[PDB]
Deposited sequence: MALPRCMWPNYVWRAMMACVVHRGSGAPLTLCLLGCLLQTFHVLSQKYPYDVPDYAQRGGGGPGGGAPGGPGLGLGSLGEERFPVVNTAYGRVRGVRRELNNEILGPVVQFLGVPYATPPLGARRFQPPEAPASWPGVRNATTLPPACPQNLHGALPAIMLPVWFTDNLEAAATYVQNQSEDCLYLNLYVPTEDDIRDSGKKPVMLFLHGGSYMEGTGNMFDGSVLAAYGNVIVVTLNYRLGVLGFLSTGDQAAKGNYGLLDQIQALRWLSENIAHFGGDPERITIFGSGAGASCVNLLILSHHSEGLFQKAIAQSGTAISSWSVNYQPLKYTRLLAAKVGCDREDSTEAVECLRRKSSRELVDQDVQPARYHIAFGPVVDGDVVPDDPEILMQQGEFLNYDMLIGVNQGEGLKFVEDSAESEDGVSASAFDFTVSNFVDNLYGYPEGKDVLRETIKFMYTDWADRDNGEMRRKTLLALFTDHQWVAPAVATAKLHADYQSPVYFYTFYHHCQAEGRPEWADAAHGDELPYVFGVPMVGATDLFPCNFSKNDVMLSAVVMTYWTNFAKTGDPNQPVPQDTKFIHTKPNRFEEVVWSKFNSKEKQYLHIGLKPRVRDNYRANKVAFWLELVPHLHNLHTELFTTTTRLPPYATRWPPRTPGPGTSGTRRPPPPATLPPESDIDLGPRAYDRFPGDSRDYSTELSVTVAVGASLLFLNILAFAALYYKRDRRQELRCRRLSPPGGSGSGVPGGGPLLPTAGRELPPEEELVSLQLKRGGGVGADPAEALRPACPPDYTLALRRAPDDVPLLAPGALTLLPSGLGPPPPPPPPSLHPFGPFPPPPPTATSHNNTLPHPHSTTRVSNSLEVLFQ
């Protein structure tokens, strides 16, 4: 039970030991506050510094999670596959919901060590940071993995568009946890000048929105964005006042005055606000990051094109097939999806995503022709793989390449990768590969610790080898900034020895094809990526 004196008092951890023999013991400080709780009048206000406590504080038990409703109407497509499949197992973690969230979990192993802050969340109104045990990652890579809880949903992202409720309260909590780390990690042994930030899904969009901000000026140095970006359709909210008024009407006080409505919402209880069941438009979000002027000044799209950011390092990537939830109705059919429904599915994809009345018949017919296999036009079974790739390319792959190019034009080291592996789960078909959010088990060393309630995968030796490689690639980035130099790719127990990860250049757009058969490719779907970035903007507008 080591005691480490911080700048706000003293805490006490534990010395829990991992189940492996090649991993040393770690010291865990679970439940370290980093902001005064927004229990009362602090709701819909930015966080502040914590209050110092006398004596020594218990830090052993996992902290309570921010209020959320895991059995409501959450956006299903945004969530990772393992979150939706194992919903009952994931609901056990979020049981002690309370507004006294905003705690911090530290996993210190046993020069100053690096720090790796993890921004959780598949959507903007679900999840908690207790699901990810970073003890294995911290011990293997000799880094200090830290996971946090931040306000979610209405409580942390409600905005009206005016000064009454600016919004982005969840983003300010993430910045506050970075400021706390920049001032208190030296005692635990970390280095405040080598702070790495990483996430996945909606957390990855928070990483990119944190980069294009002035509040996070000199807090962290590097960044990782796994299967996420800040220019997707479901990244930022462009209709904040509309969804607030629907919420205000449902609770009971839809006052005309913006200030009056906000004050009433502060009077109501937390559970009443969370369980209101407000549903947004398809492929969008209801409550999320809102452009206000402080955190996100004007627009994520405009911000990167104007070159206004502090030039951080980056490590972007995507998976093979992430639109696995785009094709779900035709998932138990003997032979794929029929041509009657392929046209209807593609047609619906355009109204609720483009919907432009300035010429749509040409746009609808152009993408029907391109996402086809004219050499095997009447296959039928592979129309699923084509429809799955239509959603993956448009929503994930194309924005990731556009972000990598914009971050590499202004000189900044950028590393691109594609994940081509998954574990044989229970309820997933054998034709899909590397669904959304499937890189998390390997980056956190799940196969090296065994099966988990969230991951019922039966990991073989090949899955163990891949995890020891992904963690090595990720950790080397946090140590020096290049996934190759500080640590070699040795078995320590293999085609990973001879491969060198090269930078992503705007004209030589190389990447690393992570998998069981790695290879440094040259261009990821250059035909389909260029279709969405070059041709499509010339069709509707």
Deposited positions lacking CA coordinates: 1-82, 193-199, 583-587, 636-870
